[PDB]
Every structure is written in C-alpha cells, then in structure tokens.
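*Asks:*
In PDB author numbering, the protein residues as written are 1742 to 1775, 1777 to 1790.
(1) Taking residue 1788 as part of the alpha helix (DSSP H), name the residues at either end of that continuous run.
(2) Helix, strand or coil: which one does DSSP assign to residue 1749?
(3) Give the single residue among 1744, 1787, 1769 whose Cα lies nearest to the Cα of residue 1777.
(4) From residue 1749 to residue 1782, what distance separates their C-alpha atoms?
(5) In the structure shown, what three-state DSSP assignment does residue 1754 receive?
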C-alpha cells in the first residue's frame, strides 16, 4: 500500500486495480489449493 501511495492511484505512473486483481488471483489460488493425513489447521488458510 506504500508503493500504491507512490503510484498514480496516489501520485504517478500506475493504477492499483491491477494489483487488486493480482491479489484476487492469489485468493483464487487459495480457494484452489483446496485436515488430511498428519495435518489439521486448514483453517489457518481460513484466517489468512
């Protein structure tokens, strides 16, 4: 968000809607990565 403050969303040379889309693709990858053997805590993904 500091870098966004440097960008044209605040100052110059870039619009952060594409970075919003990037983190949406990250959220989509989290919904794609989807308590198996020797593991629980999948809800750590829920917290993140």
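Idealized CB from N, CA, C, for every residue including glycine.
*Replies:* The short version:
(1) Position 46 of the chain shown, counted from the start, is the residue given in the question as residue 1788. Unbroken alpha helix (DSSP H) run through residue 1788: 1785-1789.
(2) If you number the chain shown from 1, residue 1749 lands on position 8. Correct three-state label for residue 1749: coil.
(3) Against the chain shown, residue 1777 aligns to sequence position 35. The shortest Cα separation from residue 1777 among 1744, 1787, 1769 belongs to 1787.
(4) If you number the chain shown from 1, residue 1749 lands on position 8. If you number the chain shown from 1, residue 1782 lands on position 40. Each residue's Cα considered, the two are about 43 Å apart.
(5) As a working mapping, residue 1754 is identified with position 13 in the chain shown. In the structure shown, residue 1754 sits in coil (DSSP, three-state: anything other than H, G, I, E or B).
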